[PDB]
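Structure, as structure tokens:
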Ligand SMILES: Cc1ccncc1NC(=O)Cc1cncc(Cl)c1
Ligand SMILES: Cc1ccncc1NC(=O)Cc1cncc(Cl)c1
């Protein structure tokens, strides 16, 4: 029992973290096989960031200008290319610590662990969710760029995120490992406002099932609702509309607890309309939306 | 910016996790140098747990009865001894992945990361605090015993906790790495109620400073208080009494923000008396007490 915002064990990612320096800018890189992945803004100076022409900037850069350091050993850069907003630095040595890996572009609402790094060194790990507005509410400071988001399935690390930017609102924007930003963000020091941050309804329901499994049941009511009735409430409270796909993925939680998905929706409806009335659910005084139904199942069963 | 419940990167601990089987009981072990540390209840059967005589049970156990598996390779057990509530299994091979380490007995209020494991395999990592009543509000299921709590200072892992037990209230009790339980708990399947879980006042203040640093300032008021006046409020709200030692450790946060510790105490006093009035602080609708002043400094500066 107990329910925690659990991150994946970061070991497999730690062995991939390197430091990339280009000129006077130092950020993190991800070394997998003989390639180092890093945000292309490593080639920029603070002045360049206002309106960078990355292709023009990359012309003035040679393989020797990219300093890649793994722990304390230097990697020899034998190739460089730009793929969208990431630089792929071909090095002469395959990372001996490269885990089994995939590059995945996650959907909004999906969660992942972040291994926050500075100068190629890991400082901490935390669980995040790709917000519906394609930002992540992370914890990053200057130098954290290049830190990656990932998920792990047994021995395979699915890298899904690379941190690039902090928006003026303190929220974070980044790319998948092909260098494509999540959301409409560009890697430019320009004000880019994020869209409405809606609540990930399916995740809140998944977390409500986790609460029932772990003992917190006060919020269960004598009511039920329909997907349409629930969505009227979800729209008013800036919750993502619930679909039959969401109901389907909540099926294993509904089966374990014996609480129909629409019955749980009615509990969520009442929680939205009446608040928590000073009470808590899994030690939280608000509705947690950064646990997917898969995370709840995984944590509640002990998947390693 | 952004503030997260960050755990230490778990890599150094992952390379120490092994599976220990004694008879039909399998739990986690911590392999450092040529020793494997695990809860002594690994020698128990479910019947034995009701009233175990560990010395009598250990007599019937030989080195060959302890099966220690690291990943998929078997460790040869050349010695066994019981130190308080832990078993130290001397193996013939030093763990090649043993990081620099220390065994530390933490104080209540101090935080640590937990690498939850099942059958010697890590499932996740999360940040915890040793509650003032010496329990931890973790996330553990059957088979998680032997999972360890730790802190990391650059390259040195300070192991502070080993999970042993789940109390009937769903909270967790365990030992330091010398096998001494935190709190009055015994490794017996008997109802052991925990004491009052008070709030770690110094940590809530540290988290309030983290909120100010990151932009959440709505709770700052035009008031101040004294340690004695604050403690009258802290006692009523089952908060730990604040001492001058606590004020001293909040000094670097007070200096960075320019908000005197007693002024922050007055904001906390008002938050206790009036609640949050539907608002949030660092995305939380309650006062977070599982970030020490050291954690706030570390996260807010980027210590790797
Ligand atoms: C200072 C900081 C804090 C947290 N996370 C990231 C950063 N860094 C930046 O945002 C720098 C930057 C500026 N303009 C466009 C890009 Cl691509 C990157
Ligand atoms: C089932 C579970 C869930 C989470 N954490 C731990 C456990 N296991 C136990 O508590 C088993 C146990 C019983 N009596 C005394 C001891 Cl030392 C250990």
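Here chain B follows Swiss-Prot, giving residues 3264-3567 in order.
Heads up, the Cβ atoms here are built off N, Cα and C, so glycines get one too.
In the three-state DSSP assignment, the secondary structure recorded for residue B:3304 (active site, for 3CL-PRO activity) is helix. Around residue B:3304 (active site, for 3CL-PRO activity), the C-beta neighbours below 8 angstroms that are at least 6 residues distant in the chain are B:3288, B:3290, B:3312, B:3315, B:3348, B:3408, B:3427, B:3450. Annotated active site, for 3CL-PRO activity per Swiss-Prot: B:3304, in sequence order.
Summarising the annotation, Swiss-Prot assigns active site, nucleophile to B:3408. When Cβ atoms from all protein chains are considered, those within 10 Å of residue B:3408 (active site, nucleophile) total 26, not counting its own.
Same-chain residues at least 6 positions away in sequence with a Cβ under 8 Å from that of residue B:3268 (ubiquitin cross-link) are, in sequence order, B:3389, B:3390, B:3551, B:3553, B:3554. According to DSSP, residue B:3268 (ubiquitin cross-link) is assigned to coil rather than to any helix or strand. What Swiss-Prot lists as ubiquitin cross-link is B:3268 (among others).
Cβ-based neighbour count (10 Å, all protein chains) for residue B:3353 (ubiquitin cross-link) stands at 15. Swiss-Prot lists B:3353 (among others) with the feature ubiquitin cross-link, giving experimental evidence as the kind of evidence.
Listed in sequence order, the recorded positions among B:3268, B:3304, B:3353 whose CB lies under 6 angstroms from an atom of ligand 2 come out as B:3304.
Proximity to chain A, defined as a CB-CB distance below 8 A, holds for B:3268 out of the recorded positions B:3268, B:3304, B:3353, B:3408. Taken residue by residue with DSSP, residue B:3353 (ubiquitin cross-link) is part of a strand.
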